[PDB]
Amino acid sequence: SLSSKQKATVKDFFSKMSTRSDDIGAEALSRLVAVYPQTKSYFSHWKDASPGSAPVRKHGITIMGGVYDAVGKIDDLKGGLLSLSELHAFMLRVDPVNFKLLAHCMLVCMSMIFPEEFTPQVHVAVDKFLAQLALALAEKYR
């Protein structure tokens, strides 16, 4: 749970990375699939993985779209992402551990692209946000 300060930190940082949103998402999903090769099994029905491959690049933009939507509803994530949880946790039965790995990836891209801005304090607020989002997605597991 984020304090009100921490939510402001997250609304303010996500706004500052809007113009590089797509590139963060594509880098993140690309790194997820290169760095943690077990994640490709979830995407085996596509005809590609890893950067350059546009399917990974446009699925990364979709993920970030979901991420930017979670920011907008940062005061009730459990109730507001119920459809996405149904899909990830119930339909696809994505293993819960894959969320901490995707989050880490997104964190290194954010730091990679906004190094002066991504201070320990921003890191904490965002880390906490991503975990809370993972847990909103976890609502329909069982």
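In case it trips you up, residue 1 is the first one in the sequence shown, and so on.
Checklist entry - Going by the B-factors listed in the PDB entry, is the mean over the C-alpha atoms higher for 101-109 or for 45-53? => result Per the deposited B-factors, the answer is 45-53.
Item to check | 18-26 versus 121-129 - which carries the larger mean C-alpha B factor in the record | outcome: Mean C-alpha B-factor is greater for 18-26.
Checklist entry - Is the Cα B-factor recorded for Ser83 in the lowest, middle or highest third of its chain? => result Middle third.
Item to check | For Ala89, the third of its chain into which the C-alpha B factor falls | outcome: As the PDB entry reports it, the C-alpha B-factor of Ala89 lands in the lowest third of its chain.
Item to check | Within-chain third of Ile63 by Cα B-factor, per the entry | outcome: Lowest third, going by the recorded CA B-factors of the chain.
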